[PDB]
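So this block is model.txt, compact mmCIF, C-alpha atoms and all ligand atoms:
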```
# COMPACT_ATOMS: atom_id res chain seq x y z
CA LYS A 393 0.00 0.00 0.00
CA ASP A 394 1.16 3.61 -0.59
CA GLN A 395 1.93 5.96 2.38
CA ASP A 396 -1.15 8.08 3.32
CA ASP A 397 -1.37 11.63 1.90
CA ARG A 398 -1.87 14.25 4.64
CA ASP A 399 -2.92 16.78 1.94
CA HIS A 400 -5.82 14.85 0.37
CA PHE A 401 -8.65 17.40 0.61
CA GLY A 402 -11.18 14.59 1.17
CA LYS A 403 -9.38 13.74 4.47
CA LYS A 404 -9.89 17.39 5.70
CA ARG A 405 -12.89 19.26 7.27
CA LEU A 406 -14.14 22.90 7.54
CA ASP A 407 -15.42 24.41 10.77
CA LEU A 408 -17.95 27.15 9.97
CA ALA A 409 -20.05 29.52 12.20
CA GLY A 410 -21.97 26.62 13.84
CA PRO A 411 -19.14 24.32 15.07
CA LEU A 412 -16.90 27.28 16.14
CA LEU A 413 -19.84 28.55 18.29
CA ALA A 414 -20.50 24.95 19.50
CA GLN A 415 -16.90 24.72 20.81
CA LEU A 416 -17.11 28.18 22.45
CA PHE A 417 -20.58 27.67 23.96
CA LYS A 418 -19.71 24.24 25.49
CA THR A 419 -16.73 25.78 27.38
CA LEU A 420 -18.82 28.79 28.61
CA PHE A 421 -21.86 26.66 29.64
CA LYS A 422 -19.53 24.25 31.58
CA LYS A 423 -18.00 27.34 33.28
CA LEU A 424 -21.54 28.37 34.48
CA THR A 425 -22.29 24.74 35.52
CA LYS A 426 -19.13 24.97 37.77
CA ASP A 427 -20.55 28.25 39.24
CA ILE A 428 -24.01 26.68 39.78
CA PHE A 429 -22.25 23.81 41.71
CA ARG A 430 -20.17 26.49 43.60
CA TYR A 431 -23.30 28.48 44.72
CA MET A 432 -24.90 25.16 45.79
CA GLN A 433 -21.93 24.36 48.14
CA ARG A 434 -22.10 27.96 49.60
CA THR A 435 -25.86 27.44 50.15
CA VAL A 436 -25.74 25.99 53.71
CA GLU A 437 -29.57 26.25 54.06
CA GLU B 687 -35.79 12.72 -8.47
CA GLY B 688 -32.12 11.60 -8.22
CA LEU B 689 -30.94 13.32 -11.42
CA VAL B 690 -28.17 15.24 -9.54
CA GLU B 691 -26.04 14.14 -6.48
CA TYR B 692 -23.67 15.39 -3.69
CA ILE B 693 -20.08 14.07 -4.15
CA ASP B 694 -17.47 14.76 -1.43
CA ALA B 695 -13.69 14.74 -2.25
CA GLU B 696 -13.39 11.15 -0.87
CA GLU B 697 -16.40 9.81 -2.89
CA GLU B 698 -14.92 11.65 -5.97
CA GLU B 699 -12.19 8.94 -6.02
CA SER B 700 -14.65 6.14 -7.02
CA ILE B 701 -16.45 8.03 -9.88
CA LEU B 702 -15.75 8.97 -13.55
CA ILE B 703 -16.78 12.51 -14.66
CA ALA B 704 -17.35 13.84 -18.22
CA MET B 705 -16.58 17.56 -18.60
CA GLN B 706 -19.29 18.42 -21.13
CA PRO B 707 -22.52 16.43 -21.55
CA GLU B 708 -23.08 16.72 -25.35
CA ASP B 709 -19.32 17.10 -26.17
CA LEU B 710 -18.62 13.81 -24.20
CA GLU B 711 -21.73 11.55 -24.64
CA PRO B 712 -22.49 10.36 -28.28
CA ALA B 713 -20.11 8.26 -30.60
CA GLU B 714 -18.52 8.56 -34.16
CA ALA B 715 -18.09 6.91 -37.66
CA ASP B 722 -14.39 19.41 -41.73
CA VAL B 723 -13.49 20.78 -38.18
CA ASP B 724 -13.15 24.48 -37.13
CA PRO B 725 -9.41 25.47 -36.90
CA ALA B 726 -10.21 28.49 -34.66
CA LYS B 727 -11.42 26.36 -31.63
CA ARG B 728 -9.11 24.86 -28.90
CA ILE B 729 -7.71 21.26 -29.04
CA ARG B 730 -10.10 18.98 -27.00
CA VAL B 731 -10.20 15.24 -25.75
CA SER B 732 -12.67 12.34 -26.52
CA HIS B 733 -15.37 10.28 -24.60
CA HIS B 734 -13.38 6.92 -24.83
CA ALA B 735 -15.04 6.19 -21.44
CA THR B 736 -17.92 3.77 -21.54
CA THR B 737 -17.85 3.79 -17.71
CA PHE B 738 -19.20 7.40 -17.17
CA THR B 739 -20.88 7.70 -13.77
CA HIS B 740 -21.30 11.52 -13.56
CA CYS B 741 -21.15 14.71 -15.69
CA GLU B 742 -19.88 18.17 -14.67
CA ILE B 743 -22.74 20.76 -14.50
CA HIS B 744 -20.42 23.39 -15.96
CA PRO B 745 -16.62 23.35 -15.76
CA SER B 746 -16.53 27.13 -15.07
CA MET B 747 -18.01 26.34 -11.57
CA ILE B 748 -14.48 25.25 -10.35
CA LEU B 749 -13.88 29.00 -9.75
CA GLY B 750 -14.91 31.17 -6.80
CA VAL B 751 -16.64 34.60 -6.58
CA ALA B 752 -13.52 36.64 -7.64
CA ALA B 753 -12.20 34.43 -10.45
CA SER B 754 -15.72 34.43 -11.96
CA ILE B 755 -15.62 38.22 -12.83
CA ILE B 756 -12.52 37.63 -15.10
CA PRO B 757 -13.30 37.85 -18.83
CA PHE B 758 -11.74 34.81 -20.71
CA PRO B 759 -9.51 33.53 -17.75
CA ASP B 760 -8.78 30.54 -20.03
CA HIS B 761 -6.82 32.95 -22.30
CA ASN B 762 -4.48 34.18 -19.49
CA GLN B 763 -1.24 33.20 -17.75
CA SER B 764 -2.17 31.32 -14.50
CA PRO B 765 -1.02 33.88 -11.87
CA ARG B 766 -2.38 36.91 -13.72
CA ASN B 767 -5.88 35.52 -12.75
CA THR B 768 -4.66 34.94 -9.12
CA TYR B 769 -3.70 38.70 -9.03
CA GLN B 770 -7.08 39.93 -10.34
CA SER B 771 -8.61 37.54 -7.67
CA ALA B 772 -7.40 40.16 -5.13
CA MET B 773 -7.73 43.44 -7.00
CA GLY B 774 -11.49 43.22 -7.64
CA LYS B 775 -11.85 43.26 -3.84
CA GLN B 776 -9.87 46.54 -3.75
CA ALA B 777 -12.06 48.06 -6.55
CA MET B 778 -14.70 50.76 -5.89
CA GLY B 779 -18.40 50.61 -6.71
CA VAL B 780 -21.84 50.16 -5.16
CA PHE B 781 -21.65 47.68 -2.26
CA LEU B 782 -25.29 47.87 -1.05
CA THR B 783 -28.17 50.13 -2.18
CA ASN B 784 -28.74 51.19 1.49
CA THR C 2 7.75 -20.26 5.57
CA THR C 3 4.15 -21.40 6.56
CA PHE C 4 4.44 -22.12 10.38
CA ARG C 5 1.89 -23.99 12.56
CA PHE C 6 0.52 -23.50 16.08
CA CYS C 7 0.39 -25.76 19.14
CA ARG C 8 -3.01 -27.49 19.35
CA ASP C 9 -4.83 -27.46 22.72
CA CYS C 10 -3.72 -23.80 23.36
CA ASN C 11 -3.22 -22.26 19.79
CA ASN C 12 0.11 -20.72 20.67
CA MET C 13 3.15 -20.18 18.46
CA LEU C 14 5.42 -23.10 17.65
CA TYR C 15 9.14 -22.65 18.32
CA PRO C 16 11.85 -25.04 16.93
CA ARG C 17 13.78 -27.55 19.09
CA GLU C 18 16.47 -29.98 17.87
CA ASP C 19 16.23 -33.74 18.66
CA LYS C 20 20.05 -34.25 18.68
CA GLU C 21 19.56 -38.04 19.25
CA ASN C 22 17.59 -38.94 16.05
CA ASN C 23 18.89 -35.73 14.33
CA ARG C 24 15.49 -34.35 13.31
CA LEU C 25 13.70 -31.03 13.78
CA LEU C 26 10.82 -30.65 16.25
CA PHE C 27 8.40 -27.81 16.84
CA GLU C 28 8.06 -27.36 20.60
CA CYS C 29 5.50 -25.29 22.48
CA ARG C 30 6.52 -22.94 25.29
CA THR C 31 2.90 -22.51 26.53
CA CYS C 32 2.81 -26.24 27.44
CA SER C 33 4.32 -29.71 26.82
CA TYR C 34 3.35 -30.02 23.10
CA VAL C 35 5.87 -31.07 20.36
CA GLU C 36 5.51 -32.11 16.65
CA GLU C 37 7.93 -33.16 13.85
CA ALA C 38 8.78 -30.43 11.34
CA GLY C 39 7.61 -31.13 7.79
CA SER C 40 10.07 -28.92 5.90
CA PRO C 41 13.77 -28.43 6.68
CA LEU C 42 13.21 -24.66 6.07
CA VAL C 43 12.88 -22.73 9.34
CA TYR C 44 13.20 -19.11 8.07
CA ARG C 45 13.10 -17.21 4.74
CA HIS C 46 14.29 -13.68 3.85
CA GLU C 47 13.43 -12.73 0.18
CA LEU C 48 15.14 -9.31 -0.48
CA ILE C 49 13.92 -9.18 -4.15
CA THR C 50 10.08 -9.52 -4.00
CA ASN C 51 7.58 -10.69 -6.73
CA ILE C 52 4.46 -10.74 -4.42
CA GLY C 53 2.10 -7.72 -4.19
CA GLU C 54 1.69 -7.07 -7.99
CA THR C 55 -1.73 -8.77 -8.45
CA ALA C 56 -3.08 -7.10 -5.25
CA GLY C 57 -6.86 -6.93 -4.73
CA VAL C 58 -8.18 -8.69 -7.83
CA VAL C 59 -11.71 -9.24 -6.37
CA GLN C 60 -14.58 -10.53 -8.64
CA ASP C 61 -16.11 -7.00 -8.81
CA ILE C 62 -12.85 -5.66 -10.43
CA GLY C 63 -14.71 -5.35 -13.76
CA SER C 64 -17.40 -3.18 -12.07
CA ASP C 65 -14.91 -0.35 -11.18
CA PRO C 66 -15.66 2.62 -13.51
CA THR C 67 -12.39 4.31 -12.58
CA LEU C 68 -10.64 1.48 -14.47
CA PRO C 69 -9.73 1.60 -18.19
CA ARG C 70 -11.04 -0.88 -20.81
CA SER C 71 -9.10 -2.24 -23.82
CA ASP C 72 -9.45 -4.20 -27.10
CA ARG C 73 -6.83 -6.93 -26.17
CA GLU C 74 -8.52 -10.33 -26.87
CA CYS C 75 -8.43 -13.02 -24.06
CA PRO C 76 -5.84 -15.89 -24.18
CA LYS C 77 -8.42 -18.52 -23.04
CA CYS C 78 -12.07 -17.34 -23.62
CA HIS C 79 -10.98 -14.86 -26.40
CA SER C 80 -13.20 -11.86 -25.28
CA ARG C 81 -12.24 -8.27 -26.28
CA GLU C 82 -13.41 -7.20 -22.73
CA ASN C 83 -10.63 -5.85 -20.41
CA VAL C 84 -9.81 -3.96 -17.17
CA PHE C 85 -6.09 -3.45 -16.53
CA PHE C 86 -3.95 -2.03 -13.75
CA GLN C 87 -0.23 -1.26 -13.46
CA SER C 88 1.94 -3.56 -11.28
CA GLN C 89 0.15 -3.05 -7.86
CA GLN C 90 3.58 -3.29 -6.03
CA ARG C 91 4.02 0.22 -4.42
CA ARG C 92 7.88 0.30 -4.72
CA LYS C 93 9.75 3.15 -6.55
CA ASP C 94 11.80 0.50 -8.48
CA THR C 95 8.63 -1.16 -10.02
CA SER C 96 8.15 -1.41 -13.85
CA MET C 97 5.03 -0.20 -15.72
CA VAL C 98 3.71 -3.58 -16.94
CA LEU C 99 -0.07 -3.93 -17.57
CA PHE C 100 -2.17 -6.76 -15.97
CA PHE C 101 -5.35 -7.35 -18.07
CA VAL C 102 -8.32 -9.02 -16.29
CA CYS C 103 -11.04 -10.41 -18.59
CA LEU C 104 -14.70 -9.38 -18.15
CA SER C 105 -15.72 -13.02 -18.92
CA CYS C 106 -13.19 -15.78 -17.80
CA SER C 107 -11.88 -13.39 -15.03
CA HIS C 108 -8.25 -14.52 -15.64
CA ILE C 109 -5.15 -12.26 -15.60
CA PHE C 110 -2.71 -11.83 -18.53
CA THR C 111 0.12 -9.23 -19.04
CA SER C 112 1.66 -7.15 -21.89
CA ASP C 113 5.22 -8.36 -20.96
CA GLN C 114 7.39 -9.48 -23.92
CA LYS C 115 10.30 -10.97 -21.80
CA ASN C 116 8.94 -13.33 -19.02
CA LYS C 117 6.87 -16.57 -19.29
CA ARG C 118 4.63 -15.75 -16.23
CA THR C 119 1.85 -18.00 -14.72
CA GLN C 120 0.80 -15.44 -11.92
CA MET D 1 -27.23 55.57 -10.75
CA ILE D 2 -28.98 58.23 -12.89
CA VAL D 3 -27.93 58.58 -16.60
CA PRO D 4 -24.72 60.56 -17.12
CA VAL D 5 -25.23 63.97 -18.80
CA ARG D 6 -22.71 63.88 -21.73
CA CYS D 7 -20.56 60.92 -22.89
CA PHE D 8 -17.18 60.96 -21.09
CA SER D 9 -15.15 60.43 -24.33
CA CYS D 10 -16.55 62.98 -26.84
CA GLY D 11 -19.18 64.83 -24.75
CA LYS D 12 -22.35 64.28 -26.80
CA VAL D 13 -25.29 65.05 -24.40
CA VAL D 14 -26.45 61.53 -23.60
CA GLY D 15 -28.56 63.00 -20.70
CA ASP D 16 -32.00 63.44 -22.41
CA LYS D 17 -31.75 60.11 -24.29
CA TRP D 18 -32.38 57.71 -21.32
CA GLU D 19 -36.12 57.79 -20.90
CA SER D 20 -36.51 57.60 -24.71
CA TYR D 21 -34.03 54.64 -24.85
CA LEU D 22 -36.00 52.59 -22.25
CA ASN D 23 -39.21 53.35 -24.15
CA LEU D 24 -37.75 52.14 -27.45
CA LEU D 25 -36.96 48.72 -25.90
CA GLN D 26 -40.13 48.29 -23.83
CA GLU D 27 -42.77 49.95 -26.11
CA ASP D 28 -41.34 49.73 -29.64
CA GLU D 29 -40.01 46.20 -28.74
CA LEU D 30 -36.73 47.12 -30.52
CA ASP D 31 -33.40 45.37 -29.96
CA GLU D 32 -30.90 47.40 -27.86
CA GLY D 33 -28.57 47.97 -30.86
CA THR D 34 -31.19 49.50 -33.21
CA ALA D 35 -32.77 51.48 -30.37
CA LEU D 36 -29.31 53.02 -29.61
CA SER D 37 -28.74 54.21 -33.20
CA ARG D 38 -32.36 55.52 -33.29
CA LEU D 39 -31.53 57.96 -30.44
CA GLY D 40 -28.68 59.00 -32.76
CA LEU D 41 -25.85 57.33 -30.84
CA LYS D 42 -23.34 56.69 -33.70
CA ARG D 43 -19.93 56.32 -32.03
CA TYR D 44 -19.30 53.50 -29.55
CA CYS D 45 -18.08 56.02 -26.94
CA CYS D 46 -21.60 57.43 -26.78
CA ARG D 47 -23.06 53.94 -27.37
CA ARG D 48 -21.43 52.39 -24.25
CA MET D 49 -22.64 55.43 -22.24
CA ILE D 50 -26.35 54.37 -22.56
CA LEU D 51 -26.00 50.65 -23.43
CA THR D 52 -23.79 49.93 -20.37
CA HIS D 53 -25.43 52.23 -17.69
CA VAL D 54 -27.07 50.73 -14.51
CA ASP D 55 -29.83 53.13 -13.13
CA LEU D 56 -29.31 52.45 -9.38
CA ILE D 57 -31.21 55.70 -8.64
CA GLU D 58 -34.48 53.70 -9.02
CA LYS D 59 -33.33 51.31 -6.21
CA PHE D 60 -32.39 54.17 -3.83
CA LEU D 61 -35.81 55.79 -4.32
CA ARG D 62 -37.40 52.56 -2.93
CA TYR D 63 -36.07 53.62 0.55
CA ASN D 64 -38.90 55.53 2.32
CA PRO D 65 -37.48 58.80 3.98
ZN ZN A 801 0.76 -25.31 23.92
ZN ZN A 802 -11.39 -14.28 -20.82
ZN ZN A 803 -19.30 60.05 -27.10
```
Target encoding structure tokens, full file:
Amino acid sequence: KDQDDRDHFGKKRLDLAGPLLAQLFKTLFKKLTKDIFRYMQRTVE
Amino acid sequence: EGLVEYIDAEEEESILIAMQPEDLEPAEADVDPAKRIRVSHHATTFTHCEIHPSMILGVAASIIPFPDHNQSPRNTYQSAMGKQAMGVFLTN
Amino acid sequence: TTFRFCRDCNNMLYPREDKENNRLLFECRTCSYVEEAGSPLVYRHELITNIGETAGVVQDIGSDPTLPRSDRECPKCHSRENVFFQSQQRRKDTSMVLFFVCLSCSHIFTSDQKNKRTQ
Amino acid sequence: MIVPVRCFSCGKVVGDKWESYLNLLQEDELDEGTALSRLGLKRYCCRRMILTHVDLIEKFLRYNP
């Protein structure tokens, strides 16, 4: 078999508005989840 | 109606495309000297046909008159200058 | 080479010499199993290779549109139906000989005018 | 964006011609070429002036205030 070509355009992908926002959002949401858990600990009700 | 299909660059590897439909689909059994030197339809095995070859180009390249009569990078250059050209950009 | 495995535990068979009767034995190191060697050949190198040229000649080879068709008539069925590839061996050194597969008898024949091949 | 008054090249007053040019094509169902020469546009400098103009003014008017 021939060595794989790293520059075959078919073995590449494009990340448009949606997936770039998906990455960003996930991180931010998880950062609010960690704050929701933090407020819960501080709530000694 | 399955007359047209979506081919990715990976799927492209397993298909055979004719450039022109009419110019690459009949058979044979005088010619204009002015026209460019073209290839045959020796392929029996044609799976797909190119809608129009000029669709290989992007927005910029598509404003170039006769880009097929130019030196390769001269087109590349104009595909930068047309963006730096003035004109109406929106009616508002 | 074509080596065997130890029955009972399907593990690799290693050679052992029976110095008494001066014969080769294939011993198992995953148990007590032994067996006489068929061949006297234990290992083979092969620097110059001739295997990998007729690679992937499945029945559906004639269905591949990406493959070219020719007029070359068949040596056995005599059909002018072909599909040919270059020597499938992916070495730099390789020659550009054609391997024609018939769309009827499904047998392979080359364009080579030097060697009396049978593979 | 509104018909140029005078052809850039030779300065023949192309200004008045517009409305009459549009009317030759629409009404008199004439081809662009014949319509052009009917308005008297003989040289191609004047001819491009009318033939190649894009009346964007009509789009801009569509905006209310
Ligand atoms: Zn064993
Ligand atoms: Zn045959
Ligand atoms: Zn003029």
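Inspection of the environment of ligand ZN 802 (chain A), which uses all atoms listed in the file and a cut-off of 6 Å, identifies the neighbouring residues as residues 75, 77, 78, 79, 80, 103, 105, 106 and 107 of chain C.
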Let's have the selection written as a compact mmCIF listing (two decimals), keeping the file's coordinate frame, with C-alpha atoms.
```txt
# COMPACT_ATOMS: atom_id res chain seq x y z
CA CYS C 75 -8.43 -13.02 -24.06
CA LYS C 77 -8.42 -18.52 -23.04
CA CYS C 78 -12.07 -17.34 -23.62
CA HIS C 79 -10.98 -14.86 -26.40
CA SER C 80 -13.20 -11.86 -25.28
CA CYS C 103 -11.04 -10.41 -18.59
CA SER C 105 -15.72 -13.02 -18.92
CA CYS C 106 -13.19 -15.78 -17.80
CA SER C 107 -11.88 -13.39 -15.03
```
Within 12 Å of region 59-63 of chain C, counting only C-alpha atoms, which residues show up once you throw out same-chain ones fewer than 6 positions away? Write them as a ChimeraX atom specification, please. /B:737 /C:69-71,82-86,101-109
Could you take the residues named above and write them with C-alpha atoms, as an mmCIF file, keeping the file's coordinate frame?
```cif
data_model
loop_
_atom_site.group_PDB
_atom_site.id
_atom_site.type_symbol
_atom_site.label_atom_id
_atom_site.label_comp_id
_atom_site.auth_asym_id
_atom_site.auth_seq_id
_atom_site.Cartn_x
_atom_site.Cartn_y
_atom_site.Cartn_z
ATOM 1 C CA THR B 737 -17.850 3.790 -17.710
ATOM 2 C CA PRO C 69 -9.730 1.600 -18.190
ATOM 3 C CA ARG C 70 -11.040 -0.880 -20.810
ATOM 4 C CA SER C 71 -9.100 -2.240 -23.820
ATOM 5 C CA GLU C 82 -13.410 -7.200 -22.730
ATOM 6 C CA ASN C 83 -10.630 -5.850 -20.410
ATOM 7 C CA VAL C 84 -9.810 -3.960 -17.170
ATOM 8 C CA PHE C 85 -6.090 -3.450 -16.530
ATOM 9 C CA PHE C 86 -3.950 -2.030 -13.750
ATOM 10 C CA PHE C 101 -5.350 -7.350 -18.070
ATOM 11 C CA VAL C 102 -8.320 -9.020 -16.290
ATOM 12 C CA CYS C 103 -11.040 -10.410 -18.590
ATOM 13 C CA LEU C 104 -14.700 -9.380 -18.150
ATOM 14 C CA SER C 105 -15.720 -13.020 -18.920
ATOM 15 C CA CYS C 106 -13.190 -15.780 -17.800
ATOM 16 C CA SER C 107 -11.880 -13.390 -15.030
ATOM 17 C CA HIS C 108 -8.250 -14.520 -15.640
ATOM 18 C CA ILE C 109 -5.150 -12.260 -15.600
#
```
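Taking all atoms listed in the file into account, ligand ZN 801 (chain A) has within 6 Å the residues residues 7, 10, 12, 29, 31, 32 and 34 of chain C.
Near ligand ZN 803 (chain A), at a distance of at most 12 Å and with only C-alpha atoms and all ligand atoms counted, sit the residues residues 4, 5, 6, 7, 8, 9, 10, 11, 12, 13, 14, 15, 40, 41, 42, 43, 44, 45, 46, 47, 48, 49 and 50 of chain D.
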Residues of chain B within 12 Å of chain C, counting only C-alpha atoms, what are they? List them as a PyMOL selection string. chain B and resi 697-703+734-740
